[PDB]
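**Q** Sharing a structure, written as structure tokens. Questions coming.
What follows draws every value from the coordinates through simple rules; no lab data is involved. All Cβ positions, even for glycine, are placed from backbone atoms using ideal geometry, and neighbour counts span all protein chains on display.
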Amino acid sequence: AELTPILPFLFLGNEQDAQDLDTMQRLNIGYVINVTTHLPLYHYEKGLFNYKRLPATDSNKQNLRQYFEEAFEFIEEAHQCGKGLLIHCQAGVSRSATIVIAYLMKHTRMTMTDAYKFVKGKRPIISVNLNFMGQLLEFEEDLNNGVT
Ligand SMILES: CSc1scc2c1-c1nc(SCC(=O)C(C)(C)C)ncc1CC2
């Protein structure tokens, strides 16, 4: 169980990272984003956290752009309320790391490459997915022209 802290309040993890309840409470995590279609929302009935499911598959066909704004408003909410947010998908964090990078691109005005450099430096293992990479590329261009 190794929840990588990207920002003071924003943590990246995987399938098993999201089940270490004690770890989540030590870190004052109040919000969880589960970026799968099929994994359960872990610890839902213990009513301790606010959840958001981004029902996405790890393919070269899945669109994630659609989930970006939804996910940023929920990270902003964990920040405005002084709590931490965990975002996880499965092994290799393809889906969840795509979203973290997009957040760092909009709400830190980092570049694409520089966000990836930054995340991979805190979490070494990241599966490649050129579909998501290409979608981050057009997100970067929609930001530099101000369509967001
Ligand atoms: C924005 S990713 C990026 S930008 C420039 C490069 C890369 C890169 N990424 C990955 S893995 C991560 C992914 O595919 C994501 C799911 C996060 C989109 N492996 C190799 C490279 C080579 C150079």
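**Q** Angle between the Cα long axis of helix 68-80 and the longest principal axis of the chain, 0 to 90 degrees, nearest 10?
**A** Once rounded, the angle reads 50 degrees.
**Q** For segment 4-144, what number results from the quotient of the Cα radius of gyration and 2.2 N^0.38 Å?
**A** Details: Rg = 14.0 Å, N = 141, 2.2 N^0.38 = 14.4 Å.
In units of the globular-protein estimate, segment 4-144 measures up at 0.97.
**Q** So, one more: Report the full-extension gain for the segment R65 to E45: residue separation times 0.36 nm, less the Cα-Cα distance, to one decimal in nm. List each step's numbers first, then the result.
**A** Values: separation 20, 0.36 × 20 = 7.20 nm, distance 2.96 nm.
Computed gain between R65 and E45 is 4.2 nm.
**Q** What is the distance, in nm, between label points placed 7 Å from the Cα along the Cα-to-Cβ direction at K117 and at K83?
**A** In this crude spin-label approximation the distance works out to 3.5 nm.
**Q** Can you figure out the FRET efficiency of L143 with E15, using R₀ = 41 Å and their beta-carbon distance, to the nearest 0.05?
**A** On the way: r = 30 Å, r/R0 = 0.74.
Rounded to the nearest 0.05, the efficiency is 0.85.
**Q** From the helices alone, meaning DSSP H stretches of at least four residues, give me the mean residue ellipticity at 222 nm for the chain, per-run term -39500 (n - 2.57), in deg cm²/dmol to the nearest 500. Spell out each step's value before the answer.
**A** Details: 5 runs with 56 residues, N = 148.
When only DSSP H runs of four or more count, the value is -11500 deg cm²/dmol.
**Q** Let me ask something else about it. Using the Cα centre of segment 4-144 as origin and beta-carbon charges of +1 (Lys, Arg) and -1 (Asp, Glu), tell me which of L85, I33, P5 is placed farthest towards the positive end of the dipole.
**A** Most positive-ward Cα: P5.
**Q** Sticking with this structure for a sec: Calculate the dipole size of segment 38-148 relative to its Cα centre from +1 charges on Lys and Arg beta carbons and -1 charges on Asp and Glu beta carbons; express the result in debye to the nearest 20. Please list the in-between numbers first.
**A** On the way: 13 positive and 12 negative charges, 93 e Å.
Roughly 440 debye, rounded to the nearest 20.
**Q** To the nearest 20 debye, what charge dipole does segment 1-69 have about its Cα centre, counting +1 at the Cβ of each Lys and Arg and -1 at the Cβ of each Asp and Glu?
**A** Numbers: 6 positive and 8 negative charges, 59 e Å.
For segment 1-69, the charge dipole is close to 280 debye.
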